[PDB]
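K.L.:
Before I ask anything, here is the structure I am working with.
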Amino acid sequence: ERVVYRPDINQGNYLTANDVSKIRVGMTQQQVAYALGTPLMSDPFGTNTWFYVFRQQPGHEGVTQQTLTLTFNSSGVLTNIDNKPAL
Amino acid sequence: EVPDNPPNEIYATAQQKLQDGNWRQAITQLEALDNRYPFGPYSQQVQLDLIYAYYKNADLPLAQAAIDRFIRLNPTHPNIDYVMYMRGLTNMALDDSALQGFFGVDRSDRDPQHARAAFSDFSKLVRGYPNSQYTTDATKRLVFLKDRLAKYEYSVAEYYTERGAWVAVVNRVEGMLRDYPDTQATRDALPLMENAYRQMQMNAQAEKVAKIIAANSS
Amino acid sequence: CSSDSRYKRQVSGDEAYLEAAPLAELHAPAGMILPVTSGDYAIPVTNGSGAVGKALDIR
Amino acid sequence: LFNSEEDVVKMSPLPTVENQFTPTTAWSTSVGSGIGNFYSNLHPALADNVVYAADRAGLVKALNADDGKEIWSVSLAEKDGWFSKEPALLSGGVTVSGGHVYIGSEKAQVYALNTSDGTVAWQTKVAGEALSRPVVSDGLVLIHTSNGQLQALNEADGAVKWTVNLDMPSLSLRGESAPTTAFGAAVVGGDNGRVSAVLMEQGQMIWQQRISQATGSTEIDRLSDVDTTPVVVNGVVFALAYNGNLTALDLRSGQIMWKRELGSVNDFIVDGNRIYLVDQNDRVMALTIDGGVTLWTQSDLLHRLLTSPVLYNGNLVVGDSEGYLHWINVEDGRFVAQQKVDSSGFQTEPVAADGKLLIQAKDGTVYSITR
Amino acid sequence: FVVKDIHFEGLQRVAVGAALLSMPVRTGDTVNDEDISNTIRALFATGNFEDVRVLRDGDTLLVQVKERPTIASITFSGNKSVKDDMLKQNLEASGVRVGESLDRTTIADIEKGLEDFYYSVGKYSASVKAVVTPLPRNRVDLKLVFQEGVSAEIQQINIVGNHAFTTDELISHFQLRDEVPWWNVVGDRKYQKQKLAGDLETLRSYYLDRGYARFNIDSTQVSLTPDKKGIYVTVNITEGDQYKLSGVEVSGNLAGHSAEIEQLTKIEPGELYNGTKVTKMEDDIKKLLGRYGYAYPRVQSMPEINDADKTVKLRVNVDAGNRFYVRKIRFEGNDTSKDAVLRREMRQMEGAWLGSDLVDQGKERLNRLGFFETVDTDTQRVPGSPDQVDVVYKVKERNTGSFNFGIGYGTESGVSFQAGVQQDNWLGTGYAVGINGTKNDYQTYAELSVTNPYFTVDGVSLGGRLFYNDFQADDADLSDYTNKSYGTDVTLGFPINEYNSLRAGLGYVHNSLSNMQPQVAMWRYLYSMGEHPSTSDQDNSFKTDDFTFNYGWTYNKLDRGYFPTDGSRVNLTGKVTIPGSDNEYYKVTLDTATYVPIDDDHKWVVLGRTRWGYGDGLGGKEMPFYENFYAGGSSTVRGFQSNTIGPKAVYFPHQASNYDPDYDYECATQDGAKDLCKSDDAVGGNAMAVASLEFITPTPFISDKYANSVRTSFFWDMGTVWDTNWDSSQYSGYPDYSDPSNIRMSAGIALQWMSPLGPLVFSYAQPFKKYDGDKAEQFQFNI
């Protein structure tokens, strides 16, 4: 659009790369939750995936986001550290 | 008020202005009986008539005070099923009573603090008195009171979707999915959590919703 | 005041209550089902009879 | 506003102004602005024709008890305080013991002024200002201060001997007890409705007798600094409690001879077996010493902040905070002379010594009174 | 002695059988003479029976009971400004009320606690008389008489242990003042110990931030002075031996923000100690960790006050919370308003961490709203993970909408009236609905102004404004000034910043005129219009379709959207014409309004309300003279009348208006004054410079249930309106208005009062600089 300025948008609850080093595939959700807590989005019908995603928009030049979802098994043992960058 | 009279002299004059509907004169009468006989022969049924008089006179905390009086007075009575209905019935009047109804405006995008209270008392009615004459009424209210929360929870799920706070889209829409499956606001919020996932690059998790979109297409 | 105001009552709306919520219930696939009654939603469908709304009489 | 604001309580001020005895002043010798509205137990001493009189504004004099001539004059309006040239502001009375004028100030300072010229014999900051007049004896400047401390200084430099709280006032609960030296023991009343004997030598409690009510949970007089000063008629301590409750009791144990635990009394003197009083309503009565049995009463002066009842020229002389002087029958009750010498009112102690009656009003200051 | 009958005399609230169950012996239970005496105390144990006489007729119990209940009323006589429910709270604390057990003995402990109420007030020159007035069947009225003379007043404070700072300046510093000179009034003062409890703490912070850190107030002795008012205070303190803030030893869970902590601990190691800023600087961390999400930034400072070098060293123990506390947020008090309109007025977001400054700024947008009463919240930390806070935004909304009306005694000059109604929050949607106009014989007006403020969620203020003035000036309606004024403007608000907002709109000015007045600047503008109409006649008609372009910009840093107290909002209003317009011109206008609180409690606030404008032509083509500037009336200047400030229009030798009412509504016409005259109302200038100086003042006689609805604000108005092209060659027996020196001046107070349909403002203003044609009515009452 012709304007460039935006009241830029927000909403992380992500995990940093330090947080990737804090946990590992195999740890419990609690073992994440001692170190990282729980996210503000988790799996509601499937196996426990702890959705920690960043969001932010720069003005008329895209959107920055850092997704990081933590698929545990049903026992809670971590099975996937699924980090996604922007897009 | 009315001074110390016989209880029925206050009551039959009160019973007129209830039949007349002159609640402000009935409340002038009905309290004046309980001014002198709050233990009296009518004072148990004065309170039921007071919840009848106050709530009809828009004395809704006063009705609910007359309820909590009669809660403290008669924790059981032949008209607690009246009262437990009358609690939520006043609480429905406590929730949404604006003048915008004749102008065609939704009021279940507005705070259901007291429909939440009315959800309690109507459900406390249909549990605590599951066969009363008010139970058949309040049962259907509760499903609509569920829908009143549903459109209210749709009103914020609308808001976060156009906000694009897709984490807040999920947590609000999952709240609807904790709350009710039955209204159309269930199935209309159904692609929006799916929408949040594709916007949060959880396309595969959106496919899990797309299965539900497929399964609850009908 | 001291005038013919021609309104004094206070009722709770209509029977949109009795025009209660539609039916779009959970038919989700396997691994997609989750609890859908969490909250104050404890409504025993109790048609122990008696009149309704404006037909229901209260005093 | 001011035509309508008040709902205050009455007085019966003054029936029977008598001039059977003619009353007058001997002369007027005003020292400036002395007590003022700032009430204090500061009052001059009269002996040897020397009116050792001072005002709280600073001007410290010896006036003559012949004409109010300056026997000396100094000033305590000096650099004392947080600011240079600040006034006297004296709590304790004008105590002359030897060639020093010992005065407790409200600045928690205690001075000695050389009685020949008023020059500073010594100075000492003390702990709390003097609730009672400085009793300077045994080398010990024995003062019941406003924090209820039995404090003694030296009477030659002000070297503090001890400081011991006896009955602690809870806020500044006004139990007026002059620290009385009797039989080698410090005999002080209480700020909360007690009375005590302490050791005079270093402040060791011989006993303290819990007497009667104080401010709080039985709420009592605030309209007077209640004269809990013990009058030790040798074996019997005579004092009030802080609610005014009168008790005659042992000096050595505090065991009760008799008590009038109904009291509201403001001022009291033991005039033989005719104990004269000032009640809370400033009703006058003449009490015994084996009980507080009334010999006579008077309700003429009423709700007027009187002075201590003194006997000068054979009649009971009582001033007031109306500046009026009244000569009550030392017999049954009634006026023998009545004077107005003042309207600015007396918060002083009447000194009926050196042939005169030495009073000083609040700002209509020192009036030498005779009849 | 087994009882055949129990005689239940005199109960009157406790029932006859309720008397029976309270008895230790029942009718048919064996009655003992001990159990007779047990029946004495047990009916006394009810607390409703003042006298109980248990007797028996051999064994037939005859229980003569006299009863305490219903107090049928409690009357308060002598009931001066210490009001009676709190005096009834003394009764309510003692279990005494209307409809109550009356122990008639309990009069004194009432009057104790009634005078203990004054004692807690600080009054004791008061006498309380609980008088029992008996009512039927046992009943009683508690008529209560209060002889409340006067409470205690601040007289003196002395401080011992203090030798550096003077008491009297600290007396003036804290609420200890009592000095109102006869040549100087600094207000008036009075005693309460709760003030002095706080005044200790102000003194506690006093020697603190000097550096005295062994400073302690030992005790305090306010004398129990024989007047029952005399506050003569003896304070014992320890001065505290000034210590220097000489090192920070900040530690604990620094959360990796240690440098960001360290800038907050950038101190001068050796300056005199300031624990107050130390207390402040801990909060700076807590906002900063609150900016980082840590809504539990536990910070524990510890002053190692080193008296060996007269210094302070400052251990600080920090513990951050966790970041993603803001799980979601809740909103309470949106029961009539559209919640999402309120929910979009926040910067703190669900499903992320916390910015501590996002919420109150989001609360500030809600504070800049106006249709609210409260902007509160509840920071509900949900128990569970370190990511669970659901911030429950409790708010309270306010009445919206407004009506206004002038005067004019309708259905007498025809059914004719003045209109104007506002809603502004249309059924809680926030739709700015305000519509004005009038239906009259002399003119017909309607004007709407409707805004969808959030046509898009950017704050896209879909503000459509229309108007239609069928002006005719009906003396013949085609002899005086006729005007079919109508036209449109839609205008939209544009985000610049989150407190800065641009505006732009469009001009369509379709006015159609006739029969215009014999005056200079009316024709003089028309001569710049290329027209040359007649001066000696009102024979001239005029259609315009002026095509302008509107614009604007909004500053917004000022507290309430309806009743602010600190800050300012600046709002540019201007217009320019476009190619295609019937006249090439412009007009730009600007008004200022700042809020400068005199009081730090902000009860007294300067309101600098100024008005500036300048409008002119775009070359040859001129600004229309109806776009001249004006003042007076009630606009912002009062005492004067409306549009009486400005240049005055100069009439002409003229006969025909095409009608004049016979020596009525004259315009230098055939009904007299056929010469160059001058009218008395202002035609107004091409420049505006007027201002008003308003001063918020609290009221001591109005209860705060609606004293907060009242803004007593004093003004002193001044200013000129003057035309920077007003000549002296054309206005030679007529005043010049090309210099800013025609400066009118007035003063007075505004009388604000919130009705259910908004504030109702009134005034009485006295003009003081008056000039030609300054028409005046000193009383001003607005709706």
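Quick note on naming: the chains in the structure tokens go A, B, ... in the order shown, residues restart at 1 in each chain, and ligands are numbered from 1 in order of appearance.
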Find the residues in chain B near chain E: any atom within 9 Å counts, using only C-alpha atoms. Write them as a CSV table (one decimal) with C-alpha atoms, in the first residue's frame.

P.N.:
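Result written to iface.csv:
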```csv
chain,number,residue,atom,x,y,z
B,4,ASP,CA,-48.1,-1.4,62.0
B,35,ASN,CA,-41.2,-3.8,58.5
B,36,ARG,CA,-43.4,-5.2,61.3
B,39,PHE,CA,-41.5,-13.4,60.6
B,95,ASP,CA,-26.9,-9.1,32.2
B,96,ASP,CA,-28.4,-7.4,29.2
B,97,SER,CA,-31.2,-4.9,29.4
B,98,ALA,CA,-30.2,-2.0,27.1
B,99,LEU,CA,-32.5,0.0,24.9
B,100,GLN,CA,-30.7,-1.2,21.7
B,103,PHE,CA,-32.9,-0.9,17.2
B,105,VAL,CA,-28.3,-4.7,18.0
B,107,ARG,CA,-26.0,-7.8,23.1
B,108,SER,CA,-24.0,-11.1,23.2
B,109,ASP,CA,-20.9,-9.3,22.1
B,110,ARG,CA,-21.4,-7.7,25.5
B,111,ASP,CA,-20.2,-8.8,28.9
B,112,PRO,CA,-22.1,-11.9,30.1
B,113,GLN,CA,-21.1,-11.4,33.8
B,155,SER,CA,-17.1,-11.7,19.3
B,156,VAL,CA,-13.6,-11.9,20.6
B,158,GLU,CA,-13.8,-12.4,15.5
B,159,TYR,CA,-11.6,-9.7,17.1
B,160,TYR,CA,-8.4,-11.7,17.3
B,162,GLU,CA,-8.9,-9.5,12.3
B,163,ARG,CA,-6.2,-8.6,14.9
B,165,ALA,CA,-3.1,-12.6,17.0
B,166,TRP,CA,-3.1,-16.2,15.8
B,167,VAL,CA,-1.9,-17.5,19.2
B,168,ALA,CA,-4.7,-15.6,20.8
B,171,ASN,CA,-6.5,-20.0,22.7
B,172,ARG,CA,-9.8,-18.2,22.3
```

K.L.:
Give me the residues within 9 Å of segment 202-212 of chain B as a PyMOL selection string, counting only C-alpha atoms and dropping any in the same chain fewer than 3 places off.

P.N.:
(chain A and resi 67) or (chain B and resi 190-191+193-199+215-217) or (chain C and resi 26-29+31-33)

K.L.:
Would you output that residue set with N, CA, C and O atoms, as a compact mmCIF listing (two decimals), in the first residue's frame?

P.N.:
```txt
# COMPACT_ATOMS: atom_id res chain seq x y z
N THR A 67 8.93 -19.58 14.72
CA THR A 67 8.10 -20.66 15.22
C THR A 67 9.00 -21.73 15.82
O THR A 67 10.09 -22.00 15.30
N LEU B 190 -14.33 -22.92 13.65
CA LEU B 190 -13.55 -24.07 13.18
C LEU B 190 -12.51 -23.76 12.11
O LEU B 190 -11.37 -24.22 12.27
N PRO B 191 -12.78 -23.00 11.04
CA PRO B 191 -11.66 -22.68 10.14
C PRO B 191 -10.73 -21.63 10.69
O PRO B 191 -9.63 -21.47 10.17
N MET B 193 -9.25 -21.32 13.73
CA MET B 193 -8.08 -21.92 14.33
C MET B 193 -7.23 -22.60 13.27
O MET B 193 -6.00 -22.58 13.33
N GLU B 194 -7.89 -23.18 12.27
CA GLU B 194 -7.21 -23.63 11.06
C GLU B 194 -6.54 -22.46 10.36
O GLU B 194 -5.45 -22.61 9.79
N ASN B 195 -7.19 -21.30 10.37
CA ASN B 195 -6.59 -20.10 9.79
C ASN B 195 -5.37 -19.67 10.57
O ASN B 195 -4.37 -19.24 9.98
N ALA B 196 -5.43 -19.78 11.89
CA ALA B 196 -4.32 -19.38 12.74
C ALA B 196 -3.09 -20.22 12.46
O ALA B 196 -1.97 -19.71 12.41
N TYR B 197 -3.30 -21.51 12.19
CA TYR B 197 -2.19 -22.44 12.00
C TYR B 197 -1.44 -22.16 10.71
O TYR B 197 -0.21 -22.18 10.69
N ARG B 198 -2.17 -21.90 9.63
CA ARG B 198 -1.50 -21.57 8.38
C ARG B 198 -0.81 -20.22 8.47
O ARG B 198 0.26 -20.01 7.88
N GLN B 199 -1.39 -19.29 9.22
CA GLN B 199 -0.70 -18.05 9.50
C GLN B 199 0.45 -18.23 10.47
O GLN B 199 1.39 -17.42 10.46
N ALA B 215 -14.88 -33.49 8.57
CA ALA B 215 -15.81 -34.35 9.30
C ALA B 215 -17.02 -33.58 9.79
O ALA B 215 -18.15 -34.08 9.73
N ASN B 216 -16.82 -32.36 10.27
CA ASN B 216 -17.92 -31.52 10.70
C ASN B 216 -18.29 -30.49 9.65
O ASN B 216 -18.73 -29.39 10.00
N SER B 217 -18.07 -30.81 8.38
CA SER B 217 -18.74 -30.08 7.31
C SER B 217 -20.25 -30.17 7.44
O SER B 217 -20.95 -29.18 7.25
N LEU C 26 -19.94 -32.36 17.86
CA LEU C 26 -18.63 -32.90 17.51
C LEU C 26 -18.74 -34.19 16.70
O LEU C 26 -19.27 -35.19 17.18
N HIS C 27 -18.23 -34.14 15.47
CA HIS C 27 -18.10 -35.33 14.64
C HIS C 27 -16.66 -35.52 14.18
O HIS C 27 -16.44 -36.21 13.18
N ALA C 28 -15.70 -34.92 14.89
CA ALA C 28 -14.28 -34.82 14.55
C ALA C 28 -13.66 -36.19 14.35
O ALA C 28 -14.14 -37.18 14.93
N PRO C 29 -12.63 -36.31 13.51
CA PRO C 29 -12.03 -37.63 13.28
C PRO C 29 -11.24 -38.15 14.46
O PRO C 29 -11.23 -37.57 15.55
N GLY C 31 -8.21 -38.91 16.85
CA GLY C 31 -7.16 -38.01 17.27
C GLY C 31 -7.53 -36.55 17.24
O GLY C 31 -6.67 -35.71 17.50
N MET C 32 -8.79 -36.23 16.94
CA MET C 32 -9.25 -34.86 16.83
C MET C 32 -10.30 -34.53 17.87
O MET C 32 -10.65 -33.35 18.03
N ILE C 33 -10.80 -35.52 18.58
CA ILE C 33 -11.82 -35.32 19.59
C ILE C 33 -11.18 -34.70 20.83
O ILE C 33 -10.06 -35.04 21.21
```

K.L.:
Which residue is closest to residue 162 of chain D? Choose from D:333, D:230, D:203, D:292 and count only C-alpha atoms.

P.N.:
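With only C-alpha atoms as the atom set, the closest residue is D:203.
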
K.L.:
From the DSSP assignment of the backbone, select every residue of chain A that is alpha helix (DSSP H), and format the answer as number ranges by chain.

P.N.:
A: 17-22, 29-35

K.L.:
Write the residues of the selection above to a file with N, CA, C and O atoms, as a CSV table (one decimal), in the first residue's frame.

P.N.:
```csv
chain,number,residue,atom,x,y,z
A,17,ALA,N,17.2,-19.5,20.7
A,17,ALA,CA,18.1,-20.6,20.5
A,17,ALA,C,18.8,-21.1,21.7
A,17,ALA,O,19.3,-22.2,21.8
A,18,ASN,N,18.9,-20.3,22.8
A,18,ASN,CA,19.3,-20.7,24.1
A,18,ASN,C,18.4,-21.8,24.6
A,18,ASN,O,18.8,-22.7,25.2
A,19,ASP,N,17.1,-21.6,24.4
A,19,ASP,CA,16.1,-22.5,24.9
A,19,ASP,C,16.2,-23.8,24.2
A,19,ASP,O,15.8,-24.9,24.8
A,20,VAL,N,16.6,-23.8,22.9
A,20,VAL,CA,16.9,-25.1,22.2
A,20,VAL,C,18.0,-25.9,22.9
A,20,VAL,O,18.0,-27.1,23.0
A,21,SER,N,19.0,-25.1,23.5
A,21,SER,CA,20.1,-25.8,24.2
A,21,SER,C,19.6,-26.2,25.6
A,21,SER,O,20.2,-27.1,26.2
A,22,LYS,N,18.6,-25.6,26.1
A,22,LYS,CA,18.1,-25.9,27.5
A,22,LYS,C,17.5,-27.3,27.5
A,22,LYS,O,17.5,-28.0,28.6
A,29,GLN,N,8.0,-33.0,29.2
A,29,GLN,CA,7.3,-31.7,29.1
A,29,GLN,C,7.6,-30.9,30.4
A,29,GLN,O,7.9,-29.7,30.3
A,30,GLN,N,7.6,-31.6,31.5
A,30,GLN,CA,8.0,-31.1,32.8
A,30,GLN,C,9.4,-30.6,32.7
A,30,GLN,O,9.8,-29.5,33.2
A,31,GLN,N,10.3,-31.5,32.1
A,31,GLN,CA,11.7,-31.1,32.0
A,31,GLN,C,11.9,-29.9,31.1
A,31,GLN,O,12.8,-29.1,31.3
A,32,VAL,N,11.0,-29.7,30.1
A,32,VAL,CA,10.9,-28.4,29.5
A,32,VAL,C,10.3,-27.4,30.4
A,32,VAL,O,10.8,-26.2,30.5
A,33,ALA,N,9.3,-27.8,31.2
A,33,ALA,CA,8.5,-26.8,32.0
A,33,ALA,C,9.3,-26.3,33.2
A,33,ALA,O,8.9,-25.3,33.8
A,34,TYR,N,10.3,-27.1,33.6
A,34,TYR,CA,11.2,-26.5,34.6
A,34,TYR,C,12.0,-25.4,34.0
A,34,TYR,O,12.3,-24.4,34.7
A,35,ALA,N,12.5,-25.6,32.8
A,35,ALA,CA,13.4,-24.7,32.2
A,35,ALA,C,12.7,-23.6,31.4
A,35,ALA,O,13.2,-22.5,31.4
```

K.L.:
Neighbours of residue 71 of chain D within 7 Å (only C-alpha atoms; same-chain residues fewer than 4 positions away dropped), as a PDB file with N, CA, C and O atoms, in the first residue's frame?

P.N.:
```pdb
ATOM      1  N   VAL D  50      12.301  39.455  95.537  1.00  0.00           N
ATOM      2  CA  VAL D  50      12.838  39.242  94.205  1.00  0.00           C
ATOM      3  C   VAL D  50      11.800  38.469  93.415  1.00  0.00           C
ATOM      4  O   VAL D  50      11.618  37.263  93.622  1.00  0.00           O
ATOM      5  N   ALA D  62      14.824  39.514  87.073  1.00  0.00           N
ATOM      6  CA  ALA D  62      14.423  39.517  88.467  1.00  0.00           C
ATOM      7  C   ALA D  62      13.711  40.837  88.666  1.00  0.00           C
ATOM      8  O   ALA D  62      14.313  41.900  88.506  1.00  0.00           O
ATOM      9  N   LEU D  63      12.429  40.777  88.956  1.00  0.00           N
ATOM     10  CA  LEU D  63      11.699  41.988  89.253  1.00  0.00           C
ATOM     11  C   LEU D  63      11.658  42.167  90.762  1.00  0.00           C
ATOM     12  O   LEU D  63      11.968  41.248  91.523  1.00  0.00           O
ATOM     13  N   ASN D  64      11.361  43.380  91.189  1.00  0.00           N
ATOM     14  CA  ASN D  64      11.292  43.662  92.611  1.00  0.00           C
ATOM     15  C   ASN D  64       9.904  43.319  93.116  1.00  0.00           C
ATOM     16  O   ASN D  64       8.910  43.591  92.440  1.00  0.00           O
TER      17      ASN D  64
END
```

K.L.:
Skipping near chain neighbours, those fewer than 3 positions away, what residues fall within 10 Å of residue 56 of chain A using only C-alpha atoms, listed as a VMD selection string?

P.N.:
chain A and resid 8 to 12 59 62 to 66 86

K.L.:
Compute the chain B side of the contact with chain C at 8 Å, counting only C-alpha atoms, and hand it back as a PyMOL selection string.

P.N.:
chain B and resi 48-49+51-52+55-58+82+89-90+92-93+97+119-120+123+126-127+130-137+139-147+176-184+186-187+208-209+211-212+215-216+218

K.L.:
Which chain A residues have any atom within 12 Å of an atom of chain C, and for each, what is the nearest pair of atoms with distance in Å to one decimal, counting only C-alpha atoms, rows sorted by chain and number, as a tab-separated table?

P.N.:
```
residue	atom	partner	partner_atom	distance
A:43	CA	C:32	CA	10.2
A:44	CA	C:34	CA	6.8
A:45	CA	C:32	CA	5.0
A:46	CA	C:31	CA	5.7
A:47	CA	C:31	CA	8.7
A:48	CA	C:31	CA	11.8
```

K.L.:
For the residues in that selection, give me N, CA and C atoms as a short mmCIF file (atom, residue, chain, number, x, y, z; two decimals), in the first residue's frame.

P.N.:
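Below is the file that was written, again-v9.cif:
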```
data_model
loop_
_atom_site.label_atom_id
_atom_site.label_comp_id
_atom_site.auth_asym_id
_atom_site.auth_seq_id
_atom_site.Cartn_x
_atom_site.Cartn_y
_atom_site.Cartn_z
N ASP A 43 -0.92 -28.79 22.27
CA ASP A 43 -1.73 -29.64 21.40
C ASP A 43 -3.01 -30.06 22.10
N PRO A 44 -4.18 -29.76 21.53
CA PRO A 44 -5.44 -29.99 22.25
C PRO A 44 -6.12 -31.32 21.96
N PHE A 45 -5.69 -32.04 20.93
CA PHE A 45 -6.33 -33.32 20.64
C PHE A 45 -5.31 -34.40 20.29
N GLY A 46 -4.07 -33.99 20.00
CA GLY A 46 -3.04 -34.90 19.57
C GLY A 46 -1.94 -35.02 20.62
N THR A 47 -0.84 -35.65 20.20
CA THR A 47 0.31 -35.77 21.08
C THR A 47 0.92 -34.41 21.34
N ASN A 48 1.53 -34.28 22.52
CA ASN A 48 1.84 -32.99 23.12
C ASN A 48 2.86 -32.21 22.31
#
```

K.L.:
Residues of chain E near chain A: apply a cut-off of 9 Å, count only C-alpha atoms, and supply the list as a compact mmCIF listing (two decimals) with N, CA and C atoms, in the first residue's frame.

P.N.:
```txt
# COMPACT_ATOMS: atom_id res chain seq x y z
N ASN E 322 9.10 -14.68 34.95
CA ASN E 322 9.35 -15.31 33.66
C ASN E 322 8.73 -14.43 32.59
N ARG E 323 9.10 -14.66 31.33
CA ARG E 323 8.69 -13.74 30.27
C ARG E 323 7.22 -13.90 29.93
N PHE E 324 6.81 -15.07 29.43
CA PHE E 324 5.52 -15.16 28.75
C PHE E 324 4.34 -15.28 29.69
N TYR E 325 4.29 -14.42 30.71
CA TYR E 325 3.23 -14.40 31.70
C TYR E 325 1.87 -14.11 31.08
N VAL E 326 1.82 -13.22 30.09
CA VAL E 326 0.54 -12.81 29.51
C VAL E 326 0.09 -13.95 28.62
N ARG E 327 -0.63 -14.88 29.22
CA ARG E 327 -1.22 -15.99 28.50
C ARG E 327 -2.33 -15.42 27.64
N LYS E 328 -3.35 -14.90 28.31
CA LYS E 328 -4.43 -14.17 27.67
C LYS E 328 -4.81 -13.02 28.60
N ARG E 347 -2.16 -2.44 24.01
CA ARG E 347 -0.90 -2.83 23.40
C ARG E 347 -0.31 -4.10 23.99
N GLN E 348 -0.76 -4.53 25.16
CA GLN E 348 -0.30 -5.81 25.68
C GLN E 348 -1.14 -6.93 25.09
N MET E 349 -0.45 -7.96 24.61
CA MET E 349 -1.07 -8.96 23.75
C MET E 349 -1.13 -10.30 24.45
N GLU E 350 -2.17 -11.05 24.12
CA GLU E 350 -2.30 -12.42 24.59
C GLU E 350 -1.32 -13.31 23.86
N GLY E 351 -0.89 -14.37 24.53
CA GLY E 351 -0.05 -15.36 23.90
C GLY E 351 1.35 -14.87 23.62
N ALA E 352 1.91 -14.07 24.54
CA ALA E 352 3.28 -13.60 24.44
C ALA E 352 3.76 -13.20 25.83
N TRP E 353 4.86 -12.46 25.86
CA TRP E 353 5.36 -11.94 27.12
C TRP E 353 4.79 -10.56 27.40
N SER E 385 1.73 -22.48 35.52
CA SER E 385 3.07 -22.36 34.97
C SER E 385 3.59 -20.94 35.18
N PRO E 386 4.89 -20.68 34.93
CA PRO E 386 5.37 -19.29 34.92
C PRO E 386 5.02 -18.52 33.66
N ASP E 387 3.99 -18.96 32.95
CA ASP E 387 3.50 -18.26 31.78
C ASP E 387 2.02 -17.88 31.91
N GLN E 388 1.46 -17.91 33.11
CA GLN E 388 0.02 -17.79 33.29
C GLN E 388 -0.33 -16.53 34.06
N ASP E 458 -7.54 0.07 11.83
CA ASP E 458 -6.45 1.04 11.96
C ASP E 458 -6.89 2.32 12.68
N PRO E 495 -3.31 7.24 11.12
CA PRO E 495 -2.29 7.05 12.15
C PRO E 495 -0.94 7.62 11.75
N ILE E 496 -0.44 8.54 12.57
CA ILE E 496 0.93 9.00 12.48
C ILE E 496 1.80 8.28 13.49
N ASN E 497 1.40 8.35 14.75
CA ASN E 497 2.00 7.60 15.81
C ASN E 497 0.85 7.02 16.61
N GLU E 498 1.14 6.50 17.78
CA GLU E 498 0.08 5.96 18.62
C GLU E 498 -0.54 7.03 19.51
```

K.L.:
Determine, for each residue of chain D having at least one atom at most 7 Å from an atom of chain E, the closest pair of atoms and their separation in Å to one decimal, counting only C-alpha atoms; order by chain and ascending number, as CSV.

P.N.:
```
residue,atom,partner,partner_atom,distance
D:6,CA,E:149,CA,5.1
D:7,CA,E:149,CA,3.9
D:8,CA,E:149,CA,4.3
D:82,CA,E:166,CA,5.3
D:108,CA,E:160,CA,6.7
D:171,CA,E:221,CA,5.4
D:172,CA,E:221,CA,4.6
D:173,CA,E:224,CA,5.8
D:174,CA,E:224,CA,5.7
D:222,CA,E:224,CA,5.4
D:223,CA,E:226,CA,3.8
D:224,CA,E:226,CA,4.5
D:225,CA,E:226,CA,6.7
```
